[PDB]
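Take any residue in the sequence shown, count from 1 to its spot, add 21: that is its number in the entry's author numbering. In this text, a Cβ means the ideal position worked out from N, Cα and C, and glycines have one as well. Heads up: the structure comes next, in structure tokens.
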Amino acid sequence: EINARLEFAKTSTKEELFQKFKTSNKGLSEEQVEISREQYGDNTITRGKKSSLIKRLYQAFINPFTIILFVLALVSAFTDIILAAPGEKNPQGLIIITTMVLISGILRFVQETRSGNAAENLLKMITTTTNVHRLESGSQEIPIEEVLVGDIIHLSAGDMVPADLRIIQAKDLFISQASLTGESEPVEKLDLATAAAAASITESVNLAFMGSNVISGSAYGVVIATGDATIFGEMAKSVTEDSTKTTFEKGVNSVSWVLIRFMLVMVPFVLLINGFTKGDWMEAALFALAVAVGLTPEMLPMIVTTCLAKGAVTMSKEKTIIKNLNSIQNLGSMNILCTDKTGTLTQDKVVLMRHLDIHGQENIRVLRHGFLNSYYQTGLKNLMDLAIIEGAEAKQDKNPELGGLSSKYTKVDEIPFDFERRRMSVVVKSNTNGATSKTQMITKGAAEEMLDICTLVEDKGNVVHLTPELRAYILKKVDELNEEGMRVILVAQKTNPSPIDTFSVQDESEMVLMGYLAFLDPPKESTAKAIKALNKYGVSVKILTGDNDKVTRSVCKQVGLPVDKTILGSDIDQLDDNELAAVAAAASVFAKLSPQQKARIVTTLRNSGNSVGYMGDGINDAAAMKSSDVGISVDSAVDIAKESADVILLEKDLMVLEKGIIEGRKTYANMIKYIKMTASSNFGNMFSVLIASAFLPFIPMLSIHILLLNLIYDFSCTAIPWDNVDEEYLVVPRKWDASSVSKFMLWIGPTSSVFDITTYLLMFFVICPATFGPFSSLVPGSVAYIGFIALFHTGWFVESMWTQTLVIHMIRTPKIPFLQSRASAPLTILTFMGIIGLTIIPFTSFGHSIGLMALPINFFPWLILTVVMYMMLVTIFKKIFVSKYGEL
Ligand SMILES: [Mg+2]
Ligand SMILES: [Mg+2]
Ligand SMILES: [Mg+2]
């Protein structure tokens, strides 16, 4: 099996492995890559699910809305083709409905393909890359999914291990396997072929597994397993509906079910009325089909897809790259934001440096040792190390002690940073003295941890013993430096260290202390304004720092966040979850936090129902990012932070996040606005047809006219995603609602029903009789009868289109429709083009081909009066609805 091959990989020599895998020291070849792809596998994760194109399409094609449209198609085909009288066939409606069914199915399939959960990277806007060596292309960076068995991969600091790897060349490689086995302790990896039966292969020496993070050093590895064959692939499990979020799919399904409920209430009523009143069941079937067609917002999926695409493109242009379509929903409902202070609030650059001795006087030797440690560090370089390097380089012009430090020294061993010890050690050997060069250990870390391993102190050019009094004095000086906001670091040296074969954590003892290193980290000028803007939109900002509480308090004092309440890690460790929820909800500053503590805080905040998003860019932040509803990182972050994040920003600041949140809320606002408007507009007309069915001697409007009306209305409403949105709607996060649509329909549609009845009366009694003659004296079947019916249909058609388009401005905004809130240019112009085009429709021969007749001039003043009198009623009912419920 897979396991048997892993043992061979971890036990074979490098040349036998090369011969078996057909891999040379310079990479793979094209033909062998193809053979491996068609024999071993592809580095794609199925997560326990697999579906072909046919199965996926069939599954996507059976959404409720497509079933509605298919039922409409079946009814139309039965009524117009099979059960219709010979000589009269109207396949236009059937053809257009079938085409619309196909379009809706394709759009639903696209949405399903591009929608995922748990920060799934389905859009592929940004993809992580790994360094892969090949025979012809040399060293190139390729996406993780393109890695095959046998490829030689170079691992650096921060790069996530992309598959199961057997290391063939390791240079002090330390791997953080916390993302796999939960152990936050880095493990040293060697290239030796260990012939020992390690426990369960997971904690072995010369194997690097998928999903593990590289902390320090550079290593060359050979891929042995990809895809589901790795340990990470087996651990990859799909948790269906892990979050209680109501995605756009669920909202669309709820809207479709509301439409089905209304159809079941109404269509049989019309059928019964006509069948038991007029006695011709064919006319009843025609009326039922007409009502069913009218109730359907036929091009709803097209508008939904347009809204989603506009949201995605707009957020991408706003330096906010998303991972899937559910990311917009995740980000819009943000309620509490948690992040570390470094990089986000404070600019990532030191503006003031103090390399001080024990007593706080400026010293050069401490800076020299710190520069050696920083420059010869092989791991990730933070702001402090970069500031150390820049200061040392700047001071090299006048100081001969600092000259040539980057060329006469060589690293031989190193122990990377870890949150359980908070120190970094690098062993440095001189390159200009040969074997007798003598080796110097250099250790750098936080003052409290660095004071527990030092027994000597370099003071006044001489070394003295470390008494508790000196330790207390050093801690007092460190606290005093932390008072102003400077970050304090201690530096120590040791000579000689233990040999590299036995150099471990136990060797850090009896070091002599040089002094402190103070760095000033000032906050950005725009931090306060961004924080206030975020707090305006209901997003509370909490800080989860691992640094000293004094520095975080100093930063929060300038930024503006509360500083009276500060919580440390020990208190959270000693207090239970039930009190933790309250104490975290009532606080804003957290300091001295371990990564597991940050994950616990995020989980506790999420337990109270708050949608909490975590912002991070480091390896140790992966647990918090995975435990939060939304994950935010930067494009320059480590691969693990980017992979586990739901949203990736190109800039590390809060204004971009605020703009992304605004756009995410705007997308849903526009979608629900269009849905409610179209639903109410359809319901009013269909209720009118229901009421006036028993009183009218003919059909108020044909099915084809209704379908054309809906098509033109939706092509005019495709500009919804480009209209202005009220700030009061975007201030608070919003969740999907279904009964609100039903209430809106029931409370708005009957307002238009009265005026549609009025238009029925006017056309049947005033205009059409004046043009053609009284209906009671008109012999059925003649040309004049056909003209009467066509004129009535055209009149109600034009009136309905004008009403539906012009109620958009009144319904959309709960304020005054023109004096206080204004509609955007694109929606207005597109609506006007739709109105004008459809009004030209009856006059052309195409209108006469489907049963429309040219309107008389006298009709238009009545249309204007009807529009105005409808607008006043819509305003009154909008006021009543706002007073009753409070939102639209
Ligand atoms: Mg990389
Ligand atoms: Mg070692
Ligand atoms: Mg209407």
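Exercise. Mind checking residue 112: buried by the 16 CB within 10 Å criterion, or exposed?
Worked result: In the sequence shown, counting from the first residue as 1, residue 112 sits at position 91. Counting Cβ neighbours within 10 Å, residue 112 comes out exposed, since fewer than 16 surround it.
Problem set entry | Local Cβ density within 10 Å of residue 370, reported as buried at 16 or more and exposed below that | As a working note, residue 370 is residue 349 in the sequence shown. Note on residue 370: under 16 other CB atoms within 10 angstroms of its CB, so exposed under the neighbour-count rule.
Problem set entry | Extent of the continuous alpha helix (DSSP H) run through residue 590 | Sequence index remark: in the sequence shown, residue 590 carries index 569 (1-based). Where residue 590 is concerned, the enclosing alpha helix (DSSP H) stretches over 590 to 595.
For this session: Taking only the alpha-carbon atoms, compute the straight-line gap between residue 193 and residue 154 and give it to the nearest angstrom.
Result: Against the sequence shown, residue 193 aligns to sequence position 172. Against the sequence shown, residue 154 aligns to sequence position 133. C-alpha separation (whole angstroms): 21 Å.
Problem set entry | Beta-bridge partners of residue 790, as assigned by DSSP | Translated into the one-based positions of the sequence shown, residue 790 becomes position 769. Answer by DSSP bridge pairing: none, since residue 790 is not bridged.
Exercise. Around ligand 2, which residues pass a check of Cβ closer than 7 Å to any of its heavy atoms?
Worked result: Of all residues, those with a beta-carbon under 7 Å from at least one heavy atom of ligand 2 are 193, 209, 434, 521 and 524, reported in chain order.
For this session: Look up residue 634 in the DSSP assignment and give the residues it is bridged to.
Result: Here residue 634 refers to the residue found at position 613 of the sequence shown. Note: residue 634 sits in a beta bridge opposite 358 and 651.
Problem set entry | Pick from 167, 362, 475 and 326 that is closest to residue 611, judged by C-alpha positions | Within the sequence shown, residue 611 is the residue found at index 590, counting from 1. Measuring C-alpha to C-alpha distances from residue 611 to each of 167, 362, 475 and 326 identifies 362 as the nearest.
Exercise. Nearest-angstrom Cα distance between residue 106 and residue 304?
Worked result: For the purposes of this step, residue 106 is taken as residue 85 along the sequence shown, with counting starting at 1. For the purposes of this step, residue 304 is taken as residue 283 along the sequence shown, with counting starting at 1. Approximately 13 Å, taken between the alpha carbons.
Problem set entry | ligand 1 heavy atom lying under 6 Å from the CB of residue 180 | Walking along the sequence shown from the start, residue 180 turns up at place 159. Residue 180: yes, Cβ under 6 Å from ligand 1.
Exercise. Can you find at least 3 beta carbon pairs, one from the segment 672 to 690 and one from the segment 714 to 723, that sit closer than 8 Å?
Worked result: No contact exists between the segment 672 to 690 and the segment 714 to 723.
Exercise. Cβ of residue 824 within 6 Å of any heavy atom in ligand 5?
Worked result: With respect to ligand 5, the structure offers nothing, as its ligand set consists of ligand 1, ligand 2 and ligand 3.
Exercise. Is it right to say residue 31 is buried, meaning 16 or more other beta carbons lie within 10 angstroms of its own, or is it exposed?
Worked result: Looking up residue 31 in the sequence shown gives position 10. With 16 or more other CB atoms across the displayed protein chains lying within 10 angstroms of its CB, residue 31 is buried.
Exercise. Closest to residue 132 by CA distance: which of 679, 850, 199 and 269 is it?
Worked result: Translated into the one-based positions of the sequence shown, residue 132 becomes position 111. When each option's Cα is compared against that of residue 132, the closest is 269.
Exercise. Is the distance from the Cβ of residue 61 to the Cβ of residue 168 below 7 Å?
Worked result: By one-based count along the sequence shown, residue 61 stands at place 40. By one-based count along the sequence shown, residue 168 stands at place 147. In this structure, residue 168 does not lie closer than 7 Å to residue 61 by Cβ.
For this session: Determine the contact status of residue 580 and residue 549, defining contact as a CB-CB distance below 7 Å.
Result: In the sequence shown, counting from the first residue as 1, residue 580 sits at position 559. In the sequence shown, counting from the first residue as 1, residue 549 sits at position 528. The answer is yes: Cβ separation under 7 Å.
Exercise. Which whole runs of the beta strand (DSSP E) in the segment 524 to 555 are 3 residues long or more, in chain order?
Worked result: Within the segment 524 to 555, the complete beta strand (DSSP E) runs of at least 3 residues are 532 to 541.
Exercise. Going along the chain, which residues of its own chain have a beta-carbon closer than 8 Å to the beta-carbon of residue 163, five neighbours each way excluded?
Worked result: Walking along the sequence shown from the start, residue 163 turns up at place 142. Excluding sequence neighbours, residue 163 sits near 150, 151 and 153.
Exercise. Sorted by chain position, which residues of the same chain lie with C-beta nearer than 6 Å to residue 119's C-beta, five sequence neighbours on each side aside?
Worked result: As a working note, residue 119 is residue 98 in the sequence shown. Taken in chain order, the residues that qualify are 94.
Problem set entry | Cβ-Cβ distance between residue 384 and residue 536 below 7 Å | What you label residue 384 is simply residue 363 of the sequence shown in a count that begins at 1. What you label residue 536 is simply residue 515 of the sequence shown in a count that begins at 1. Taking 7 Å as the Cβ cut-off, residue 384 and residue 536 qualify as a contacting pair.
Exercise. Is residue 773 near ligand 3, judged by its Cβ being under 6 Å from some heavy atom?
Worked result: Walking along the sequence shown from the start, residue 773 turns up at place 752. It does: the Cβ of residue 773 is within 6 Å (strictly closer) of some heavy atom of ligand 3.
Exercise. Relative to the alpha-carbon of residue 854, which residue among 747, 739 and 772 has its alpha-carbon at the smallest distance?
Worked result: Mapped onto the sequence shown, residue 854 falls at position 833. Nearest of 747, 739 and 772 to residue 854, Cα basis: 739.
For this session: Compute the Euclidean distance between the alpha carbons of residue 310 and residue 92, then round it to the nearest angstrom.
Result: Position 289 of the sequence shown holds residue 310. Position 71 of the sequence shown holds residue 92. Separation of residue 310 and residue 92 (C-alpha to C-alpha, rounded to the nearest whole angstrom) is 10 Å.
Exercise. What residue from 79, 480, 524 and 695 has the CA that sits closest to residue 377's CA?
Worked result: Reading the sequence shown from its first residue, position 356 is the one you call residue 377. Restricting attention to 79, 480, 524 and 695, the CA atom closest to the CA of residue 377 is found in 480.
Exercise. In terms of residues, what are the limits of the beta strand (DSSP E) holding residue 212?
Worked result: Residue mapping note: residue 212 aligns to position 191 of the sequence shown, counting from 1. Here residue 212 belongs to no beta strand (DSSP E), and DSSP marks it neither H nor E.
For this session: State the beta-bridge partners of residue 509 as determined by DSSP.
Result: Position 488 of the sequence shown holds residue 509. Answer is 539, bridged to residue 509.
For this session: Reducing DSSP to helix, strand and coil, say where residue 396 ends up.
Result: As a first step, residue 396 must be located in the sequence shown, where it is residue number 375. Helix at residue 396.
Exercise. Any heavy atom of ligand 3 within a distance shorter than 6 Å of the CB on residue 685?
Worked result: The residue labelled residue 685 in the question sits at position 664 within the sequence shown. No, the Cβ of residue 685 stays beyond 6 Å of every heavy atom of ligand 3.
For this session: In angstroms with no decimal places, state the Cα-to-Cα distance between residue 569 and residue 467.
Result: Working through the sequence shown from its first residue, we reach residue 569 at position 548. Working through the sequence shown from its first residue, we reach residue 467 at position 446. About 10 Å.
Exercise. By how many angstroms is the C-alpha of residue 693 removed from the C-alpha of residue 114?
Worked result: For the purposes of this step, residue 114 is identified with residue 93 of the sequence shown, where counting begins at 1. For the purposes of this step, residue 693 is identified with residue 672 of the sequence shown, where counting begins at 1. Going by the C-alpha atoms only, they are around 28 Å apart.
Problem set entry | Whole-Å CB distance - residue 347 paired with residue 136, under 8 Å assumed | Numbered from 1 along the sequence shown, position 326 holds the residue referred to as residue 347. Numbered from 1 along the sequence shown, position 115 holds the residue referred to as residue 136. Indeed, because the Cβ distance is near 6 Å, the residues count as touching under 8 Å.
Problem set entry | Residues sharing a beta bridge with residue 229, DSSP | Within the sequence shown, numbered from 1, the residue matching residue 229 stands at position 208. In DSSP, residue 229 forms a bridge with 186.
Problem set entry | Pairwise C-alpha distance: residue 158 and residue 583 | Within the sequence shown, the letter at position 562 stands for residue 583. Within the sequence shown, the letter at position 137 stands for residue 158. Distance between the alpha carbons of residue 583 and residue 158: 55 Å.
Exercise. Would you report the Cα separation of residue 367 and residue 360, rounded to the nearest angstrom?
Worked result: Taking the sequence shown and counting its residues from 1, the one referred to as residue 367 is at position 346. Taking the sequence shown and counting its residues from 1, the one referred to as residue 360 is at position 339. Roughly 12 Å between the two C-alpha positions.
Exercise. Which residues mark the beginning and the end of the alpha helix (DSSP H) in which residue 89 is found?
Worked result: As a position in the sequence shown, residue 89 is number 68, starting the count at 1. Element bounds for residue 89: 85 to 98.
Problem set entry | Short Cβ contact (7 Å threshold) for residue 464 with residue 444 | For the purposes of this step, residue 464 is taken as the residue at position 443 of the sequence shown. For the purposes of this step, residue 444 is taken as the residue at position 423 of the sequence shown. Yes, the pair counts as a contact, with Cβ atoms nearer than the cut-off.
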